[PDB]
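Let me begin by presenting the structure, written as structure tokens, before commenting on it.
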Amino acid sequence: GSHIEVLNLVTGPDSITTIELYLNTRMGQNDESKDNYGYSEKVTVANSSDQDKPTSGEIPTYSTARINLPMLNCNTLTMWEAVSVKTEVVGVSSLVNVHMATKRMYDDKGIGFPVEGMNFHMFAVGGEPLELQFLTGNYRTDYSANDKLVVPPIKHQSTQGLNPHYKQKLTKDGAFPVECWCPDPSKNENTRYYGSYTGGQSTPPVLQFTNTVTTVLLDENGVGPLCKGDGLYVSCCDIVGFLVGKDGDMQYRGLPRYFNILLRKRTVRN
Amino acid sequence: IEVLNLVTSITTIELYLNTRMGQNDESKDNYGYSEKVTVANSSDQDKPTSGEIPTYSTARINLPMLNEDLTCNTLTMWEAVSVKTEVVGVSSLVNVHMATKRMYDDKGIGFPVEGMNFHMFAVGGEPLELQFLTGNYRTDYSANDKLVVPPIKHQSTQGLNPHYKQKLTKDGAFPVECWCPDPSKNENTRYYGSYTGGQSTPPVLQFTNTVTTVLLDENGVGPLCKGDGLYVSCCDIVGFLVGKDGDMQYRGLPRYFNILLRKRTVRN
Amino acid sequence: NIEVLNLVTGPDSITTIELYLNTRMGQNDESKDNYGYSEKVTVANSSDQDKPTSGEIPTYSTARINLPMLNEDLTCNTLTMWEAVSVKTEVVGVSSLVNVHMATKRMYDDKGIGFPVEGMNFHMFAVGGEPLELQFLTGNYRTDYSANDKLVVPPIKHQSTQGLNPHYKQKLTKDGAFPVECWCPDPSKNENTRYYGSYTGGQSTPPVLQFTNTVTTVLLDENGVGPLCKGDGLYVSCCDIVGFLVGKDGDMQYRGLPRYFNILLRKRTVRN
Amino acid sequence: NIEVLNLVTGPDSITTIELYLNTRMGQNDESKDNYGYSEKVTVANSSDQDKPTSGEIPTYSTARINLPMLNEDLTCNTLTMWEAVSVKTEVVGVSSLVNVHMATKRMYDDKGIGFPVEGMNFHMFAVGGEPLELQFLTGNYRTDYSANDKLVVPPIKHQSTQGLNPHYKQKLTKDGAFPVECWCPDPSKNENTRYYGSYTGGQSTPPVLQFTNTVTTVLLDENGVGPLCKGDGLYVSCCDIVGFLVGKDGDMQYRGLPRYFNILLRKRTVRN
Amino acid sequence: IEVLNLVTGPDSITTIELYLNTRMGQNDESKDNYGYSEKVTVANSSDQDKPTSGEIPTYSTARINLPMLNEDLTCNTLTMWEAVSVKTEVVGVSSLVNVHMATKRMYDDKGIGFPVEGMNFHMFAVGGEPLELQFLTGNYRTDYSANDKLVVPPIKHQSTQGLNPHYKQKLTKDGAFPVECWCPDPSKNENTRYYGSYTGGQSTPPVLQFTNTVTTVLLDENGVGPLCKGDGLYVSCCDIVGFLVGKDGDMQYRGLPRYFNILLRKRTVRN
Ligand SMILES: CC(=O)N[C@H]1[C@H]([C@H](O)[C@H](O)CO)O[C@@](O)(C(=O)O)C[C@@H]1O
Ligand SMILES: CC(=O)N[C@H]1[C@H]([C@H](O)[C@H](O)CO)O[C@@](O)(C(=O)O)C[C@@H]1O
């Protein structure tokens, strides 16, 4: 029904390190050598809810990585503590393109449709894998066209709400569908996550990019994510809209995300 | 309640509430949605079908029973200090392959869940106090006798008539469309709500585990839990699912709560 | 104006006033159908034949509240007045807009939802120590209000009233009588009132509304002085249009919601 | 460059100026029909035949206000100037946009509301101690303004004026005469003026407007110095376009609203 | 660069003022359509995506010479100009209050001409060296050979539809680097501050502000601003305010100029 012991900071030289990385988008065609890279395959639409079987590659998934940190280690131990992150979406300016082979405005005389519609942006930084809760708009969705997707082995009506028997951890890049996995708010004590969704059909994307913003990862007690086994975990998804082909066929478009994470040495009980 | 000193003594309570859009049985199809919306032919024959009406989610939590010294003139109560609350499953709206109407002459995406959004939560030391107010005084709720609605109707209930009140004491039973928070009461509850209307309006939603909502009032006093009960209420409508033929259903999402409480001494 | 002196201290120096105002959208009789809405909107054939029907015009809501009497003697060197310090105010019944089964026009070839109340939003409130002072300004100087002689409008019309003509003023002294479309707060007066307003227009625009019991609006001015209640009267005014209800055949009515107020006042000494 | 010294204190060291400016949308004669609107908008057949009709072009509103005389000996090493410290400004008549019964196009097969005034919004104001300095910049260098010889525009046309050509400048010295479409604030000058503006475009966009008497805008710069009023003149300028009125047959006109100002000034000593 | 103390006293501060005109595609100030692109064209297929010359917006940029600081470049410390703050505005916003140009129009040829509307893209950067760029495109197959004055990579690969760090550049030429395929490199630009926004969609209302009252601080979290290498200050921007829709539905980008007023101070550094 209703429901690590942190000591002092280590000071002096080499008590701080920074980790820098980017994650490329996982919209469905996730192979950097292939023509549709950075987009999904063409979206298809189920005839009925009990025949909802998306094609292989039409499904966005989370991006994720584990980064090795310098090895630190007794009655106490030292852990890396994530203090802050500077993060930005890369390639926003690529959306200033209206000459691609797309549907166009004004009786074939106007601009090509820009990438537009649904936006979904999330990132997470933690000291262990992001903990996931299963929740879907259709419990009957059949993911069997792509056995590389990680989804529950059984299906039940209750998964259109919150059924806590259906959980996971984000342990693989380009494998956990966004549409059915979300952060588990009853866990993730050692991760910070931030997300937004703007829906609708052809909604204008609203995006910003700057190298001047720092996000503090410390909690209300002044403690950041503590990196278990000297691993830092970073996850994200950045859907910026749909590309609309000549005939009306549509694909998700995603952009990469950059991270610069500041960490510090923290002594902990052992 | 005359509030005295803090006891120096803390606890947290964690829970979620599932949405009550109308199909509220977790074992059946369409859980977390309403039944198909229907439309009255006239205002004097406005009788929603059973299960097409969203209602408030709510629960009462039994807190740890505090020692009380009835021989003395003070008592200890739990005081709700703050809450971290989030809508769960927002990413589930990133789905345009469901059996829905679709864009661009049957070649484009399925329509995502879109349209009206309604988001509210409340945390208090007693049931959320409600005021009746409706868009149509004549609405007939008799297709579902489990709904809690007034026993009589009157034209004046399209505005504020203070003779029509209730308390949110049952989950999945009080229609959002005719009950709102009573701003003349709720001295011992904090509530927060928003509505964004229109037909096919983009949902705009956020989720994070980093935001704390302070529940202390202007005197530094949080909700005080009468009889060791903590009351949590919400509703989170994120839009409508548009079926192939244009039939529509409300879609709602669950809400998570993590409430911090402390012991407070009060006059008995 | 009033010469403001020190605050009065002690255990009787504060009071609070709580009230609500029901909306005045046009059908303002609580015993009748369509309460809280206007009558059906009609459209002029030409600007010189612009005569709204009775009850299709929203008006301001207003009340004067009697405060506890101060000053048993009025011949004194100084007097005491109630000073409004702050207000907690909310729009009531926002959740009532979560209703798409009313007898309305509907989406997707008669299969989808009923249209929710949507379109133009207009929200304002005022708290003062005397009636809200008003300036006339209209979109059409020729508008003929004679279908309803209970509306308070100027007795003469002139072209210049489509801009600001300071010869056309009034005070908000009657509930449900001053049309919103032709009367606005007079920004050259209202020294003893605080007012706040917003407008979001367009045809079928989503209403965007909030409600909470946690927000206090401070009424003190830049000198730390709130509205001072002349004759021990507190004046509260508002209007809250949340959109239009679209009937089956396309006919439309304004929809308004009530507003709640909880006002904190304190005793202030003034020169007499 | 004026060298600022100390503030002058004591009685009579502060003054206030209150005024309003009526809108200059194109029909700018308060005695005539359509005051506060433009004439109907016309559309060029080609960029080399872009000759707007007289009265279809919004212009800036502006006034020079004579301040109280600062009488003093002019031969000494200091002088006194009025310094504008802050302004409270509001758009007047926002509630007038709550009107959907005017002779307009209407919604839902001639059954619904008249279209409210909607679309493009442009709001700007400026307070300074000399005229607002202007930069010419246009969307079409060939625009022919000769239908109305009272408009102030450059005497020559050149392709480069579709960007910033610093040889094309002016000063806002006349009300209802400088078109908004081709004159903007010069950001390389205006050291002695503060200006603030916003534009929201699109075709039928909802106007989003606020009004309150509770907001003060500080005019002091980063060094604590406000506009200094040369020759005891205070310059106020604005434009407030709130959208278009859509007539029965689809003909459209700009609609503007007046703006109110309350400006606080103080005496400042300057080097002579 | 090892940053030491501020230089104080008379002449320790200077200001730079400039504007940059927009580079939408027709970038010749003596010709018609200046400040706009040429007419937008649409590829028939992905492998025939070859924009016409002049239809492609590029970044504006300039390097400004600052007062010379070091007569002897072999001293054990040197002085550099440090950019502290910038006041920047988009110029000519009021020019968008124009609905009588030769455009498509509303309401069955009776209403207003369409105003410039749709996609907005706004960015500026101030730094002590050229803005560092990362290549990223919506279509690796885009053929820029209709205009060999555009600076783009000679070899393009599918991986350029995401972030491939092998594809970088520096913004060293005005009116030459297309916005559609070059963005700031977030893994570099340690000595530049950049700010950008994009609002997309088809006919979206432009939402724009202008004022002379806002100062943007360029100091980083350590209190250090961009340090001007070789006494050069680098300013870059792009301000797309939408499209002009011609009578027949043909569309062109419209851009506006941007003004900058930059305050700089003398900073000692190790040499
Ligand atoms: C709100 C309302 O009154 N709905 C009524 C509906 C609608 O008028 C039509 O279905 C059109 O949607 O008709 C019913 O026969 C039905 O379908 O069950 C009765 C129901 O009470
Ligand atoms: C604003 C206005 O002038 N309304 C007038 C209307 C409208 O012109 C039409 O009904 C079209 O809606 O016509 C009336 O005969 C009516 O219906 O009562 C008189 C009324 O004065």
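Chains as they are written, first to last, in the deposited numbering: chain D, 24 to 26, 33 to 102, 107 to 303; chain C, 33 to 40, 44 to 303; chain B, 32 to 303; chain A, 32 to 303; chain E, 33 to 303.
Yeah, the Cβ is synthetic: ideal placement off N, Cα and C, and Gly gets one too.
Own chain partners of residue i with C-beta closer than 8 Å, once the 5 adjacent residues on each side are dropped
i                : result
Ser78 (chain B)  : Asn171 and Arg173
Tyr51 (chain C)  : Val123, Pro289, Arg290, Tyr291 and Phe292
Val39 (chain E)  : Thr111, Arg297, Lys298, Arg299 and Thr300
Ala178 (chain B) : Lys82, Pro83, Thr84 and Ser85
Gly281 (chain E) : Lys136
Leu98 (chain E)  : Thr46, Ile48, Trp113, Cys260, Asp263, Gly264, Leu265 and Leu296
Within chain A, partners of residue i - CB distance below 9 Å
i                : result
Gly281 (chain E) : What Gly281 (chain E) touches in chain A: nothing, since even the nearest Cβ is about 15 Å away.
6 Å Cβ shell around residue i - same chain, five flanking residues per side excluded
i                : result
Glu49 (chain A)  : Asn293
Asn221 (chain B) : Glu164
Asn37 (chain E)  : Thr300
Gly232 (chain A) : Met151
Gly160 (chain E) : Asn223, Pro258, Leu259, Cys260 and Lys261
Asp64 (chain B)  : none
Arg95 (chain C)  : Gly264 and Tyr266
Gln201 (chain E) : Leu165
Any non-hydrogen atom of ligand 2 closer than 8 Å to residue i Cβ
i                : result
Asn76 (chain B)  : yes
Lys136 (chain A) : no
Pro210 (chain B) : no
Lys279 (chain A) : no
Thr73 (chain B)  : yes
Residues of its chain near residue i, where Cβ-Cβ distance is below 7 Å and the 5 sequence neighbours each way are ignored
i                    : result
residue 11 (chain E) : A question about residue 11 (chain E) goes unanswered here, because the residues of chain E that appear run from 33 up to 303.
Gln234 (chain A)     : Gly150
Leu195 (chain A)     : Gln166 and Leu168
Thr54 (chain E)      : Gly67, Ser92, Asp271, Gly287, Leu288 and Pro289
Through-space distance from residue j to residue i, alpha-carbon basis
i                     : j                : result
residue 310 (chain B) : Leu110 (chain B) : Chain B is shown from 32 up to 303; residue 310 (chain B) falls before or after that span and cannot be answered.
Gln241 (chain A)      : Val211 (chain B) : 15 Å
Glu34 (chain E)       : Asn108 (chain E) : 12 Å
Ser191 (chain A)      : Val267 (chain E) : 22 Å
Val72 (chain A)       : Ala134 (chain A) : 17 Å
residue 311 (chain A) : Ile88 (chain A)  : For chain A, the structure presents residues 32 to 303; residue 311 (chain A) sits outside this window and is missing.
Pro162 (chain B)      : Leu128 (chain A) : 23 Å
Distance cut-off 8 Å: residue i Cβ against heavy atoms of ligand 1
i                    : result
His132 (chain E)     : no
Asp81 (chain C)      : yes
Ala178 (chain B)     : no
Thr169 (chain C)     : no
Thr109 (chain C)     : no
residue 41 (chain C) : In this structure residue 41 (chain C) is absent; chain C steps straight from 40 to 44.
Residues that residue i contacts on chain A, provided the C-beta gap is smaller than 8 Å
i                : result
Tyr227 (chain E) : Near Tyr227 (chain E) there are no residues of chain A at all, since even the closest Cβ is about 18 Å away, more than 8 Å.
Chain-ordered neighbours of residue i on chain A, where CB pairs are closer than 7 Å
i                : result
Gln190 (chain B) : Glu61, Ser62, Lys63, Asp64 and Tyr66
Interface partners of residue i on chain E, CB under 9 Å
i                : result
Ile272 (chain A) : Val129
Hey, is the region 215 to 223 of chain D in contact with the region 162 to 169 of chain D, meaning 3+ C-beta pairs nearer than 8 Å?
Contact between the region 215 to 223 of chain D and the region 162 to 169 of chain D is present, because at least three Cβ pairs lie under 8 Å.
Taking three-plus beta-carbon pairs below 8 Å as touching, is the region 131 to 149 of chain A in contact with the region 97 to 114 of chain B?
no
Using 8 Å as the cut-off, can you tell me whether the region 223 to 237 of chain B makes contact with the region 271 to 287 of chain C, which would need three or more C-beta pairs spanning the two stretches below that distance?
no
Given 8 Å as the limit, is there contact between the region 269 to 284 of chain C and the region 248 to 258 of chain D, that is, 3 or more CB pairs closer than that?
no
Report yes or no: do three or more beta-carbon pairs, one from the region 172 to 187 of chain E and one from the region 204 to 212 of chain E, lie closer than 8 Å?
yes
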